[PDB]
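Counting starts at 1 for both ligands and their atoms, following the listed order. In this chain, residues are counted from 1 in sequence order.
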Amino acid sequence: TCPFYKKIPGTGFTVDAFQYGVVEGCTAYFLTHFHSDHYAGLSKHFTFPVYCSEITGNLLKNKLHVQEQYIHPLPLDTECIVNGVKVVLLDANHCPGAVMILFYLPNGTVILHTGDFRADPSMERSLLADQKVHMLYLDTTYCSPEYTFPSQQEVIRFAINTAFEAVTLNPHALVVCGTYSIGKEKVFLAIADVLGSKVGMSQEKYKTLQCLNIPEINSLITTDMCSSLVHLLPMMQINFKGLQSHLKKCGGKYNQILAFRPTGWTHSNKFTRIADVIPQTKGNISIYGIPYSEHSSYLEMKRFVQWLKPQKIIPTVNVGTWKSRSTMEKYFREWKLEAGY
Ligand code: NI
């Protein structure tokens with residue numbers, strides 16, 4: 001049965017609620033982004049209206065085979081009436097196609113559902129600036145002060161510089177990057193651009209990337225592995241055994257691998273600056289864990305919420321333990337007392 005924090009009061013609407021069967025009283029199912037914990041339950045047999053971004057709608061139709069007649073894509077930054085209620089979709093600065101949803105309830109209440117997001121000061125100048133929000137359904141993934149990581153720009157700078165140095169020292173090195181979902185495409189695209197290579201990958205991943213409206217994409221990716229010196233592999237294969245086995249398959253073209261594992265936060269963020277990061281190495285194989293996050297840091301989260309000044313906060317992440325819930329509620333009260341709302 002559908003939990004309370006996925007229902008929007010005073011509407012027929014649910015958010016990211018496809019794994020509960022037919023939800024009583026739901027006339028429209030919103031989907032914030034195409035990540036599996038959120039789309040869990042959708043297939044070609046789904047027969048209710050789904051509201052989402054154009055990019056999420058491309059993935060629904062091509063990857064999950066949802067029939068076209070039940071996909072309702074909405075443009076961003078645009079007031080739209082859905083089943084008699086005004087809604088707006090905003091960019092969530094998460095993965096491609098990810099949105100936040102503003103709902104303007106018939107009784108005058110305004111609700112923001114962030115989906116998954118990486119808060120940014122640029123959001124303070126979206127359509128959020130123009131009016132008050134009463135309730136915030138908040139992505140609280142890293143809601144604790146220990147969660148620090150660098151900007152995405154710093155992380156990409158480190159990766160480009162590392163890859164370009166390695167391959168310039170040894171023109172016979174292969175670069176490999178791990179993936180298990182959409183998001184974080186900048187990691188492998190920026191490295192392939194510095195090296196003058198396309199990115200090589202499986203037919204299934206090429207298919208997924210072709211749904212994302214990235215400009216000039218036919219110029220950046222390929223299924224011809226032999227023509228590429230940046231390869232994408234499943235995240236599970238990014239270990240010494242899996243990489244050794246991949247190197248065997250490349251027909252003696254290469255004699256070294258440099259591999260990247262984009263993770264979220266890891267406890268080595270407590271001690272080591274991005275500049276100082278070092279790989280794990282075994283023989284002719286090196287593996288870098290790089291803290292490329294598509295979720296808010298604690299400080300980014302706090303800044304957003306103190307700017308928005310919501311009357312009530314409903315967390316959507318870390319909601320299963322009393323310890324987590326009590327910790328989050330303590331930070332929300334701190335933020336409110338400090339800023340004075
Ligand atoms: Ni996500």
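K61 and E68 are joined by a salt bridge, as a carboxylate oxygen and a charged side-chain nitrogen come within less than 4.0 angstrom of each other. Using a 4.0 Å cut-off between charged side-chain N and carboxylate O, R303 and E124 make a salt bridge.
Every residue was checked against the side-chain hydrogen bond (donor to acceptor under 3.5 Å, both in side chains) condition with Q153, not counting sequence neighbours, and none meets it. Listed by chain and residue number, nothing satisfies the side-chain hydrogen bond (donor to acceptor under 3.5 Å, both in side chains) test with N62 (two or more places apart in sequence, or in another chain). Listed by chain and residue number, nothing satisfies the salt bridge (charged side-chain N to carboxylate O under 4.0 Å, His left out) test with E154 (two or more places apart in sequence, or in another chain).
Here the two rings, on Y137 and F103, have centers that are 6.0 Å apart or farther.
Counting only protein N, O or S atoms, the number found under 2.8 Å from the Ni ion (ligand 1) is 4.
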